[PDB]
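Asker: Numbering (the authors' numbering), first residue to last: 51 to 462, 468 to 573, 576 to 861.
No residue lacks a Cβ here, since even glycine has one placed at the ideal position from N, Cα and C.
Quick one: the structure is below, and I'll ask about it shortly.
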Amino acid sequence: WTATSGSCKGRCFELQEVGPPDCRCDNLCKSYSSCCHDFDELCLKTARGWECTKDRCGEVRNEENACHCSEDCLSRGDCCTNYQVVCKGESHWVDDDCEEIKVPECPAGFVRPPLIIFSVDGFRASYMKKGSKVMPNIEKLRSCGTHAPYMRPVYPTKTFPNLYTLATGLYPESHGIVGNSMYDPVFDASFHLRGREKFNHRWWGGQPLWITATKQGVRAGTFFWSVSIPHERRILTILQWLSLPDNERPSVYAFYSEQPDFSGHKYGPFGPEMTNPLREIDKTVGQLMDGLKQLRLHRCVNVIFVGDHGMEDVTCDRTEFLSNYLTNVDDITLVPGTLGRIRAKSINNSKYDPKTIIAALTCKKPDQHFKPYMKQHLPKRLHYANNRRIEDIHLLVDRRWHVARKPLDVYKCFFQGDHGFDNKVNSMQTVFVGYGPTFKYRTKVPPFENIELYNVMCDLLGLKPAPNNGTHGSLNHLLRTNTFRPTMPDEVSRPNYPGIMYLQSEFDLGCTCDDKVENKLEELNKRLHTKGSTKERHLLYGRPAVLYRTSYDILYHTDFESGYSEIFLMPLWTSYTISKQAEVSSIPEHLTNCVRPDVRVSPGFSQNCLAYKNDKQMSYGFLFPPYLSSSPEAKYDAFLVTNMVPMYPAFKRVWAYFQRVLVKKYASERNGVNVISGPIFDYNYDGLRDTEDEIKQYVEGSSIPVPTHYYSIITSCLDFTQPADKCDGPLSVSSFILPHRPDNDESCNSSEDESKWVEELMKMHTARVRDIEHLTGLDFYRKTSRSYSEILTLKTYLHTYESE
Ligand SMILES: *[C@@H]1O[C@H](CO)[C@@H](O[C@@H]2O[C@H](CO)[C@@H](O[C@@H]3O[C@H](CO[C@H]4O[C@H](CO)[C@@H](O)[C@H](O[C@H]5O[C@H](CO)[C@@H](O)[C@H](O)[C@@H]5O[C@H]5O[C@H](CO)[C@@H](O)[C@H](O)[C@@H]5O)[C@@H]4O)[C@@H](O)[C@H](O[C@H]4O[C@H](CO)[C@@H](O)[C@H](O)[C@@H]4O[C@H]4O[C@H](CO)[C@@H](O)[C@H](O)[C@@H]4O)[C@@H]3O)[C@H](O)[C@H]2NC(C)=O)[C@H](O)[C@H]1NC(C)=O
Ligand SMILES: Cc1nnn(Cc2cc(C(F)(F)F)ccc2CCC(=O)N2CCC(CC[S@@](=O)c3ncc(S(N)(=O)=O)s3)CC2)n1
Ligand SMILES: [Ca+2]
Ligand SMILES: [Ca+2]
Ligand SMILES: [Cl-]
Ligand SMILES: [K+]
Ligand code: NA
Ligand SMILES: [Zn+2]
């Protein structure tokens, strides 16, 4: 209930909201059906439009006008944004040359440069180039400020998850806004775009920037705008707030445009109808910048122009129907469209089986335009699992397609655009420009992820960020000043360096190897290798630091070095360098099933071959590949029991092709590579390293835990004219986190040779180094020549494999 008979007089776009039944005058009151009776009359004036004209200059103030051209308007803070251009001979901001903003040039009383976030819905990254002729204000912000070629959104690439990620620095799984539509089974409640459940605070986790600011004594303008407030009025409201007294004036503001998304859905991303929305957005930027210039704020404010996601060509004829695969289609609930999420229609149906739904959806049609996953099997880079609002069964839909339950859902076309697909898809990428005293001048930065921006907005305002998924410091290169200078994390566990401590006969592991094959030149030599003489070649960036409490050993070899876990009975990491000139060899026939005890590591902290023999599902692989041994004698090291890891036969196909073919391919293409590989245990799919008590599967009969995934980090010189092991400058990296699965059901062409499917699999499971850090508790690149912030940027890089 709302007692709508209060008044909005002197309360228009008030910044503190009032409690029901008292009526509201804030920028969300329309969205709550709570505005006072006179809110339209007083707060949404439109009389005489939005621009001063020659005949209005010096007029007598008429409070009915939408904005003013009278002499007092500047000190009142309510002039039309073009007032000084029409009435005082000034130039539009867009017509002024770019001039470096070295320091904030702010009116007295400003304690910090304000931040204005200019957010645009569905603003696809390529609009910056393809629309540049019709967006002169945006183009000047871009060329004169700091810009990225694109900014990566989060998955799903929809509005609500992405705006809230922008606001919090959190993945959707952590902030809780996992879609535009959700069912929370603990609440037993549904969140939808229409309706009122979405206003309940219980959906919205983390700490968004406006709360962060308020808690630390920095005032914030309200970020949300009811859809019927026109853009001109949003801009004028911000500019009016910027004229508040010092004690009342916010330091952080957001504008939001529903365009170009709205028109994109109707017309496709490049429909000829798209030029006009782009022009109109540009005009709105121009109104802000002119208005800031009038207030002497154009060289004071930091402005961020940022999108939530892009837009793809999608029509209703490109819909896949679950009714074509499932016999039981009425026993499921589908969240449909550019992704799918499936759960049982009724929790009383004991016949509902996810395994049989997955199987009925797996590789059933030759051109099938979606792929089912149990959520824990989705690519780890999507970080899309650890939330009860994310259904166990997921469908990753191909770009340009939809999925629906039944044909009647789609005809009971309108639309030519949509979005929501995998966040590496080129059409889903969006934009970032920063312009202001605190951003760099005329500077292009590499693409980055939108989860990073919260930290930077905090830096811009002198705020300590709440705990988030950004890597704070990774975007320091965007900033002229207010950089954040973190210290590397301290190592928690120091390694042991075991020497030869065990005789061969102390091992009863059921392993065999044909290696009784016998010199002081080459005996001193092999001793030096075991003591670390080649470690500078294979460990190029220092050993990784272990950031949690555990017991592990460093093991040196000619060809590779490893950090061996006494708790998990395998390496945490294995590091090796393969030059451009390295040669690939086969496993000799006599060594095919060779596994050799490691005389540095106790039988009690070793794996055993008998467990693998007994476990009919599980085989083994090696982390340092025998194929890349530097010599026949060095090859014996590769068969140590301490280089062995549990592998499903199905996975061995993948891993063998990576090791035998791809590593050498990358070393040829990149002029040598350094490789760090290892196991990952994430049984609770939270993106973080499991403790021992979280492990759900062991090699039958043993204490050997089975990884959920295998990683590799592949580093070389960014200047590929220099070999990876003699690189003077910046590094280049690509990484993956491969799911350790007992079948290759994910890969529909897996019956073909590995050359036709393995690399496509690996591309899908591309990863950042930081993703592997979360998953292992390890900290990489500890000893380079490079600045730490540069290394943090390196750690957030994702190799996406999309074209330009
Ligand atoms: C991305 O960045 C984020 C932010 O840094 C990372 O998320 C953090 O991860 C931590 C570990 O998973 C986690 O720490 C836990 O916090 C518990 C207190 O949590 C509440 O308070 C905080 C602080 O304000 C708040 O942020 C939390 O918000 C979550 O939950 C609400 C619902 O209340 C949601 O609205 C909100 O969206 C958010 O949800 C997300 O996180 C929760 C987990 O907290 C998930 O379940 C959701 O799916 C969603 O992803 C909470 O309101 C604290 O109680 C935990 O303590 C347990 O573990 C410790 C280990 O130190 C143990 O010693 C204790 O005994 C304790 O265990 C007891 O409870 C167990 C569970 O009931 C029980 O099994 C035991 O037997 C014990 O009784 C723990 O410290 C932190 O909350 C989140 N923060 C956020 C915002 O998500 C994230 O990891 C990053 N991602 C990556 C990939 O790096
Ligand atoms: C979510 C969310 N989380 N935090 N915020 C606040 C926020 C943060 C930022 C940030 F962080 F960048 F700084 C910027 C701007 C805002 C305000 C957005 C705003 O005023 N909105 C009201 C209108 C809504 C339209 C839905 S309908 O038009 C559609 N729904 C879904 C659609 S689609 N395109 O199909 O996915 S369109 C959007 C929100 N909003
Ligand atoms: Ca959007
Ligand atoms: Ca985990
Ligand atoms: Cl959704
Ligand atoms: K076996
Ligand atoms: Na297959
Ligand atoms: Zn949209």
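Taking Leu-294 as the reference, give the member of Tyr-705, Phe-63 and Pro-799 with the closest Cα.
Answerer: Here residue 294 is taken as the residue at index 244 of the sequence shown, counted from 1. Among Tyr-705, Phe-63 and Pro-799, the Cα nearest to that of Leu-294 belongs to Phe-63.
Asker: Looking only at C-alpha atoms, which of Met-627, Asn-524 and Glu-113 sits nearest to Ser-608?
Answerer: As a first step, residue 608 must be located in the sequence shown, where it is residue number 551. Considering only alpha carbons, the answer is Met-627.
Asker: Tell me the rounded alpha-carbon separation between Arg-439 and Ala-239.
Answerer: Translated into the one-based positions of the sequence shown, residue 439 becomes position 389. Translated into the one-based positions of the sequence shown, residue 239 becomes position 189. Rounded to whole angstroms, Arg-439 to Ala-239 spans 10 Å at the Cα level.
Asker: List the whole-angstrom C-beta distance separating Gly-729 from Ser-773, where the pair is believed to meet the contact cut-off of C-beta under 8 Å.
Answerer: Taking the sequence shown and counting its residues from 1, one reaches residue 729 at position 672. Taking the sequence shown and counting its residues from 1, one reaches residue 773 at position 716. Contact flag correct, Cβ pair sits at about 6 Å.
Asker: Taking contact to mean at least 3 C-beta pairs separated by less than 8 Å, is the region 250-257 in contact with the region 226-238?
Answerer: Look at the beta carbons and you see the region 250-257 touching the region 226-238: at least three pairs across the two are nearer than 8 Å.
Asker: CB-CB under 6 Å to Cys-79, same chain, minus the five flanking residues each way: which ones, in chain order?
Answerer: As a working mapping, residue 79 is identified with position 29 in the sequence shown. If we look at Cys-79 and ignore the five residues flanking it on each side, its Cβ neighbours are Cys-85.
Asker: Consider the C-beta atom of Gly-172 and the heavy atoms of ligand 2; say whether any pair is separated by less than 8 Å.
Answerer: Position 122 of the sequence shown, counting from 1, holds the residue named residue 172. Yes, Cβ of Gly-172 sits closer than 8 Å to a heavy atom of ligand 2.
Asker: Taking all protein chains shown into account, do 16 or more other C-beta atoms lie within 10 angstroms of the C-beta of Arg-74, making it buried, or fewer, making it exposed?
Answerer: Sequence index remark: in the sequence shown, residue 74 carries index 24 (1-based). The Cβ neighbour count for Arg-74, taken over all protein chains shown within 10 Å, is at least 16; the residue is labelled buried.
Asker: Thinking C-beta only, is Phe-168 closer than 9 Å to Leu-338?
Answerer: To locate residue 338, count along the sequence shown from 1; it is residue 288. To locate residue 168, count along the sequence shown from 1; it is residue 118. Cβ distance < 9 Å, so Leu-338 and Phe-168 count as in contact.
Asker: Going by C-alpha to C-alpha distance, which of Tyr-461, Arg-192, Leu-259 and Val-460 sits closest to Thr-498?
Answerer: Position 443 of the sequence shown holds residue 498. When only C-alpha atoms are compared, the closest one is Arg-192.
Asker: Taking the alpha carbon of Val-379 as the point to measure from, which residue in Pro-322, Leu-328 and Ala-454 has its own alpha carbon closest?
Answerer: Your numbering for residue 379 matches position 329 in the sequence shown. Closest option to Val-379, Cα to Cα, is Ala-454.
Asker: List the endpoints of the continuous alpha helix (DSSP H) containing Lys-59.
Answerer: Locating residue 59 in the sequence shown gives position 9, where the first residue counts as 1. Run containing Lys-59: none; DSSP gives neither H nor E here.
Asker: Check each candidate in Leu-65, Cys-566 and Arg-106 and name the one with the smallest Cα separation from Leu-292.
Answerer: In the sequence shown, residue 292 corresponds to position 242, counting from 1. Nearest of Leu-65, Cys-566 and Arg-106 to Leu-292, Cα basis: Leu-65.
Asker: Out of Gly-159, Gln-484 and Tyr-133, which one is the CA nearest neighbour of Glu-859?
Answerer: Translated into positions along the sequence shown, residue 859 becomes position 802. Scanning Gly-159, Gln-484 and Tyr-133 for the CA closest to the CA of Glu-859 turns up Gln-484.
Asker: Would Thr-542 and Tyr-845 qualify as a contact pair, given that the criterion is a beta-carbon distance under 9 Å?
Answerer: Translated into the one-based positions of the sequence shown, residue 542 becomes position 487. Translated into the one-based positions of the sequence shown, residue 845 becomes position 788. Less than 9 Å separates the beta-carbon of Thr-542 from that of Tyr-845.
Asker: Which residues bound the alpha helix (DSSP H) around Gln-344?
Answerer: Looking up residue 344 in the sequence shown gives position 294. Looking at the DSSP string, the run of the alpha helix (DSSP H) that includes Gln-344 is 325-344.
Asker: According to the Cβ coordinates, are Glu-751 and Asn-741 closer than 9 Å?
Answerer: Your numbering for residue 751 matches position 694 in the sequence shown. Your numbering for residue 741 matches position 684 in the sequence shown. Taking 9 Å as the Cβ cut-off, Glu-751 and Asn-741 qualify as a contacting pair.
Asker: Decide if the region 179-188 is in contact with the region 507-526; the criterion is three or more beta carbon pairs, one per stretch, under 8 Å apart.
Answerer: Taking 8 Å as the limit for Cβ pairs, the verdict is that the region 507-526 does not touch the region 179-188.
Asker: Quick check: what's the CA-CA separation for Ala-116 versus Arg-329?
Answerer: Translated into the one-based positions of the sequence shown, residue 116 becomes position 66. Translated into the one-based positions of the sequence shown, residue 329 becomes position 279. Whole-angstrom Cα-Cα distance: 22 Å.
Asker: Mind checking whether the beta-carbon of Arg-252 lies closer than 8 Å to any heavy atom of ligand 1?
Answerer: Position 202 of the sequence shown holds residue 252. Result yes, Cβ under 8 Å from ligand 1.
Asker: How is the alpha helix (DSSP H) around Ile-285 delimited, first residue to last?
Answerer: In the sequence shown, residue 285 corresponds to position 235, counting from 1. Looking at the DSSP string, the run of the alpha helix (DSSP H) that includes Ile-285 is 281-291.
Asker: Enumerated in chain order, which unbroken segments of the beta strand (DSSP E) with a length of 3 residues or greater are wholly contained in the region 765-821?
Answerer: 766-774 and 788-796
Asker: For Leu-165, which beta-bridge partners are listed by DSSP?
Answerer: In the sequence shown, the residue the question calls residue 165 occupies position 115. Answer by DSSP bridge pairing, in chain order: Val-302 and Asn-352.
Asker: Residues bridged to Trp-630 by DSSP?
Answerer: Mapped onto the sequence shown, residue 630 falls at position 573. Checking the DSSP bridge columns, you'll see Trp-630 partnered with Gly-620.
Asker: Given 8 Å as the limit, tell me if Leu-558 has its C-beta closer than that to any heavy atom belonging to ligand 1.
Answerer: The residue you call residue 558 lines up with position 503 of the sequence shown. No.
Asker: Run the proximity test for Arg-717: is its beta-carbon closer than 8 Å to any non-hydrogen atom belonging to ligand 4?
Answerer: For the purposes of this step, residue 717 is taken as the residue at position 660 of the sequence shown. For ligand 4, not one heavy atom lies less than 8 Å from the Cβ of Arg-717.
Asker: Near ligand 5, which residues have their beta-carbon closer than 5 Å to a heavy atom?
Answerer: Any residue whose Cβ sits closer than 5 Å to a heavy atom of ligand 5 makes the list: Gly-229, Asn-230 and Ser-231.
Asker: Given this structure, state the Cα-to-Cα distance separating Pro-520 from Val-641, to the nearest angstrom.
Answerer: For the purposes of this step, residue 520 is taken as the residue at position 465 of the sequence shown. For the purposes of this step, residue 641 is taken as the residue at position 584 of the sequence shown. For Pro-520 and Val-641, the distance between alpha carbons rounds to 49 Å.
Asker: For the region 385-403 against the region 783-803, do three or more pairs of beta-carbon atoms, one drawn from each stretch, fall closer than 8 Å, so that the two count as touching?
Answerer: At 8 Å Cβ cutoff, the stretches do not touch.
Asker: Could you check whether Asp-477 and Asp-358 sit closer than 9 Å to each other, using their CB atoms as the reference points?
Answerer: Reading the sequence shown from its first residue, position 308 is the one you call residue 358. Reading the sequence shown from its first residue, position 422 is the one you call residue 477. For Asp-358 and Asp-477, no; Cβs fall outside 9 Å.
Asker: By Cβ distance, which residues of its chain are closer than 6 Å to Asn-665, with the 5 residues on each side in sequence left out?
Answerer: Here the question's residue 665 lines up with position 608 in the sequence shown. Excluding residues within five positions, the ones whose Cβ falls inside 6 Å are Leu-564 and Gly-565.
Asker: Taking its Cβ as the centre, do 16 or more other Cβ atoms sit within 10 Å of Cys-123, making it buried, or is it exposed?
Answerer: In the sequence shown, counting from the first residue as 1, residue 123 sits at position 73. Flag for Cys-123 reads buried.
Asker: What is the DSSP secondary structure of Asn-537, reduced to helix, strand or coil?
Answerer: Along the sequence shown, read from residue 1 onward, the residue named residue 537 stands at position 482. Correct three-state label for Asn-537: coil.
Asker: Does the beta-carbon distance from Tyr-768 to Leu-795 come in below 9 Å?
Answerer: Here residue 768 is taken as the residue at index 711 of the sequence shown, counted from 1. Here residue 795 is taken as the residue at index 738 of the sequence shown, counted from 1. Less than 9 Å divides the Cβ of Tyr-768 from the Cβ of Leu-795.
Asker: Looking only at C-alpha atoms, which of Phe-160, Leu-165, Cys-119 and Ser-636 sits nearest to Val-511?
Answerer: In the sequence shown, counting from the first residue as 1, residue 511 sits at position 456. Of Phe-160, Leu-165, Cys-119 and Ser-636, the residue nearest in Cα terms is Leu-165.
Asker: Whose C-beta lies closer than 8 Å to the C-beta of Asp-569 among residues of the same chain, with five residues either side of it excluded?
Answerer: Against the sequence shown, residue 569 aligns to sequence position 514. Hits under 8 Å: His-647, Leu-648 and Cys-651.
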